[PDB]
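We just call them A, B, C, D, E, F, G and H in the order they show up, numbering each chain from 1.
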Amino acid sequence: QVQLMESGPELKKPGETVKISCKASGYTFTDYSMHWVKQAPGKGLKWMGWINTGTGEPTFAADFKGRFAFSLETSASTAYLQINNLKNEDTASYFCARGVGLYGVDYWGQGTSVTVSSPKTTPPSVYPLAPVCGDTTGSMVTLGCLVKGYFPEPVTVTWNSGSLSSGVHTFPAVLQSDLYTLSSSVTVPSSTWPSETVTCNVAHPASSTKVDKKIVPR
Amino acid sequence: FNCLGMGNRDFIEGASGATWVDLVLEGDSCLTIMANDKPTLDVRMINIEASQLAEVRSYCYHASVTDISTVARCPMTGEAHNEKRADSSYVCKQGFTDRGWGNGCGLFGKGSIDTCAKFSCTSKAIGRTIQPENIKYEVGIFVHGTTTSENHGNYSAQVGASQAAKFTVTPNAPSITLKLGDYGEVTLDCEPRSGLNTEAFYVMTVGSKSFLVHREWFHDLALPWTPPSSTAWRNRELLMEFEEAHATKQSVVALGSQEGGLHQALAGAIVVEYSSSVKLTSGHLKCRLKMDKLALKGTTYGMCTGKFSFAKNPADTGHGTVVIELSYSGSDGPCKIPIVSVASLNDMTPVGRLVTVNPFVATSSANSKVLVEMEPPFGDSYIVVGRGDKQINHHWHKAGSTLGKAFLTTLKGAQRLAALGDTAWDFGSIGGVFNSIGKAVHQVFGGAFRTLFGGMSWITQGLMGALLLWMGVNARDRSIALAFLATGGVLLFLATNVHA
Amino acid sequence: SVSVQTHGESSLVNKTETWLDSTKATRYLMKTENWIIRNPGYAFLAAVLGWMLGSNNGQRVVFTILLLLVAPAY
Amino acid sequence: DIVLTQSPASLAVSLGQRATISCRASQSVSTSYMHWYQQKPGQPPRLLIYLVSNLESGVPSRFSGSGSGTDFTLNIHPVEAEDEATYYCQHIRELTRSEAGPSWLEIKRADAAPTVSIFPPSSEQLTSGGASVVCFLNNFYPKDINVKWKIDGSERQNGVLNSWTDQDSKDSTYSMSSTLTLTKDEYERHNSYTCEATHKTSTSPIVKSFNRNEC
Amino acid sequence: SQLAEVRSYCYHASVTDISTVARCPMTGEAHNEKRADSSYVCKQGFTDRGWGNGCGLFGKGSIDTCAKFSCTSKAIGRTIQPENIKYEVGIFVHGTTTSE
Amino acid sequence: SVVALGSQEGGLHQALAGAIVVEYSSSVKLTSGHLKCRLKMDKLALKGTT
Amino acid sequence: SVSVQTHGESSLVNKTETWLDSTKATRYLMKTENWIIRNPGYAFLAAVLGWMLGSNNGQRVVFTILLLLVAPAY
Amino acid sequence: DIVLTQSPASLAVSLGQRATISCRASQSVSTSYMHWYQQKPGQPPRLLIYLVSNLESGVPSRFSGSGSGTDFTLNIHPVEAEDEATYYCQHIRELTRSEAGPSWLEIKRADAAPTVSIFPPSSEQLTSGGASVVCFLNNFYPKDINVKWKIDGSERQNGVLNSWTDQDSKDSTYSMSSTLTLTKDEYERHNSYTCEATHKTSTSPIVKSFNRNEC
């Protein structure tokens, strides 16, 4: 049961420093290499480098050389990716990888997405989105939840406390001024709206704001 | 883990006087240790495994010429200019186009050309190094107790039987102790610091496989090569060629795959297999067995009271002793197994000794098979099993009479002396005085001389000795043997050792 | 090159079968012969100079057979 | 130093079909030492094949790694809804280790049009002075789509934010959100507000529009 | 023009179909059906047998280890037809001439 | 197991030393000439003496 | 083999640029030097042999420097 | 490869004033062997200073080249209306031979606003199906100006074609034409066509417009 357990995803700001812990388990630690692979949030696996497990000697890819510290703690078998002078590029899911070496890397840190950026936690601005005549498709009147300008992700956007997942497409939260907008679309029959309450319920644990917005017609 | 039927199985002579012995063991060989109170012990390296390996540098053995660009200049324009020198990916070559008034220029016979070809590697190969902190040593240890043809061949069994163990030693943790259970506990004190020279070579990947190459010699490979990571190379032209200038025209052309040469370039190299790690085959290691807690069960059990039976028929090792396997009918188990090696039936005197010491029926289970070996002596002898005609015997012959074995003892020594160099003197285990200075004799000497004119292969240094021969006959008295010492042995010896 | 100046021999540890073994044994004699067998007219002139100079009999022979090796790999 | 490319970028497939996923070693001959890695989204990738020819223990025999040294292929002869994944292949013969641009397994289905619904800024937003015209394009297959925001007949690509679901687990379609964010002044200095979307199911944009002057 | 090939060479050959056909110690040299197809190439051999592995006698064995030969990449020569010998001779005589 | 040596093509090029570059498609065109031809200048004249 | 035993030298007509020319001159000296550059320990002990024998001065060197080249690759 | 850069790119000056035109040798020490080449528009160049230090014969001593080897200056202590021109500096020390990006002599004057006149496409042009809205921004000094074509309040940068005079021989102003070329269909589907001219003489664009619905 070899498992690479890393640190958790960590929100950071530029100019800072982050050290991602990776504890290795299920195997004699010294006997493999220990690799790091940057997976950029949208980009495929970009291999950060590796540190010697026995010697503790790091080596980095040309891009990863000089900003990054591969460090090990022998006894508890904890590999470390440390990123110094944090930069927005340092936001990504990072993976320690136990080397089977020339045979690649067998196993993987559960992932740590560092998030490096300035903003401060901000609540969502949530809009019950009332459809118009052009928004009624067949039986279904599509309804919407416009979540606006929150940091950080997530907001938990349900519909009538999640009783509607059915016509619900909650669309990915994306960046605005380092704040986030997800727009959730519940698709409900015109028989259920506005006859039944359809209320998008937006819970933002980071800003501790649970925002319930009921869509009523314009 | 065991010595059972192993290719190189060389038994181990307990001098007693200690429960400890410094040992030198190998991946291929299995060492079978017999001593007083100390049962027959199998000790073999499984393999030598260097765990984590680093790429020391890289080599491109097959290249592709790309984008041949020759910028030609007129006679007496001197140095030609083709800007691709600004790109290391290109290889640029100055030169000239011989001219008439007809071709490209207003003068005759001279010119200038700058021939730039973009270098591209078709195929590259990498050598790698070994940090001894990543070295393992997998040593299956075993002791001959109650065994079968299966358990004694199946480590998992002898795990439970506690007669065998496996493990790893490092320069970090050189020594380990291990218990045999009923037989007690033994200790191994190794020197993984001293086992190999991790830096005596590299691990050179040629094709899929990797290979051992002297890291001195490895850089000496003349071939387009690489920063261990990535890109900017050296002499990358050595796979590429040129042509005439016919007008401006000249082509750079790349040699085909030199991988075959790389293999050709590997003679002394050794097959090494990376898995998560390289597993080396040939063992060189110095460990110390310590038996102080190794003991003997079974002295109480009675002589087995019933018909024995061969579970397998009497068979010689090929290492000079005869192993059988006994399925024992009697249910009196656990019982001490009566068996001996005697000269004639009409004599009861045991002559040979037990390979497997203290043969022991493990349990009362009827017909339970027990695999045991003893040592027959020279000439004819008899495996004799049991007491009273319910006993059975069998004839055996071993023709190895001491004289020939005395050479097998002695002459192997020189083979054990040379090619193992200074480390050959741990065959002198529990040494001192004689054997201690014996190392020191060869120690400072072997570190010079044989290695100084070393690097010669087979007949090369052998013919040197063959060229050193006549200086023995042509010399002055008391000066004859002086120039004659290095002639025979240590030079022709290794040259006779490999014949062919 | 790729062909010449092999790792041969490792000669470390190694009681084992090497990557390329029987080659290195017969590389020397054969190609030296295979060249001088190819040029037998080359061979006999080497026996001349050994007796030409040194006039010492038993060490006169040292010149010749050692020279037969020379021209292969010059 | 050595580069890889893994094709296709994604493949919409019937599960159980054989979709063989190519890979190639740009440099040298990687020989052995390429390895297939499935990453389902939001996961550490799961190593599939080792030496590019050999299954891992946890990966089923349906995965077939194949190809030699300049080229490699990840074959799943029974591609599956579980085989839906982001697949990687890695030349290891040389540090630096790198990966090929991955190959997704998509489960093929019927083409579905986007369910397109253009929501004007709610009074909650209109009271804020910001105005976002949000158009949810729901349950289209394929993912291949283009949204446009037309304003007073003059298309506005500004204030346009797009968020779309992935292959939608039940119908295996894709849903999208188109959003037209406006200053309520520019939102009220212009009138016609249109999300038109050309999706492979339609030769034309699928137009959902309102004018503030309408309702 | 038309030149004839005496033979071909294989500078790059593939090892294919490795098949080892084994026998016991002293049971003698093994044979393989792969020796009946020259595309296959076999080699004999032996590996020591304890009672741990497969056989009664200690220290011997027999195996026929094979490989299908295939020529991955092959090299070729050609002989020149001495009648195909052609000599194409540009010949010139100096009269009025220009650079072009 | 049986193991094949690496492609000797580069070694073939190495096996070439004094080799002669020639281009054979359906025909070889040889570079270095050796021939013996007898010119005959009888019908050869001098134009322009007029 | 592809290693040694090259067509070079053809030297039949063929007055031209050879396939490989300049590298052939450095075959013999360097790789034999390179080995005795690799083993100056040999170079220390090698050349002393000829001067031990024959007392013939100038020819005592004939063994020495020429046997030096004999050592690499036999 | 040796670079020169000649600053400024242009200088608006009084004639008789001293406007010195700098130059510099990016490489080596060019030492001597830099020049000054006056080329007025539509002319072959005319060489002024040689060795960077020496007038040609025809060029009067008002021109003075100066500076040594990494840096250079073209001075005319009495710059003139005849000196209005484009000047170059040329390093000769090495092949290759090149020329620095010039300095221009502009004659400084009062700052004038563009006279801006937006003519809808001629009825002659409209009958052709093409529609070009021409906006003539006339007699402005300096040349610093911008055209902005606004359409139904939505500014259109497409079909815009700009043609402007140079420093205008009489008043030394500049005149500009802004031509908005529309399909008469989109010319007729939109109404207000507004060219607005921002100029250093005007803190705001000079707005000239027509709604086709107007006359």
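Heads up, the rule we're going with is that contacts are C-beta pairs under 8 Å (C-beta built on N, C-alpha and C of every residue); 3 or more make two chains touch, one makes a residue touch a chain.
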Number of hops, chain A to chain H, where each hop joins two touching chains: 2
Longest centre-to-centre distance from chain F, chain (CA-based): A
Let me have the rounded angstrom distance from the C-alpha centre of chain B over to the C-alpha centre of chain E, please. 31
Measure off the straight-line distance from the CA centroid of chain C to the CA centroid of chain G, and report it in whole Å. 11
Per the C-alpha means, the centres of chain C and chain E lie apart by a whole-Å value of 29
From the C-alpha centre of chain A to that of chain B, how far is it in Å? 51
Two-or-more-chain contact residues of chain C, please, as numbers and ranges. 1-3, 5, 27-29, 59, 62, 66
Which chain A residues touch at least two other chains? 59, 61-62, 100-103, 106
Among all residues of chain B, which ones touch two or more of the remaining chains? 61-62, 205, 207, 217, 220, 229-230, 257-258, 260-264, 454, 457, 459-460, 467, 474
Touching pairs - complete list by chain label: A-B, A-D, B-C, B-D, B-E, B-F, B-G, C-F, C-G, D-H, E-F, F-G
So in the complex, which bits of chain D are touching chain H? 151-154, 189-190
Counting only contacts in the complex, chain G reaches chain B at residues 1-3, 17, 20, 34-35, 38-39, 41-42, 44-46, 49, 52-53, 67, 71, 73-74
Note: in the complex, chain F contacts chain G through residues 8, 10-21, 31-34
Touching residues on chain G, where the partner in the complex is chain C: 1-5, 27-29, 31-32, 34-35, 53-54, 56, 59, 62-63, 66-67, 69-70, 72-74
Any idea which chain E residues touch chain B in the complex? 11-12, 48-53, 56-60, 99-100
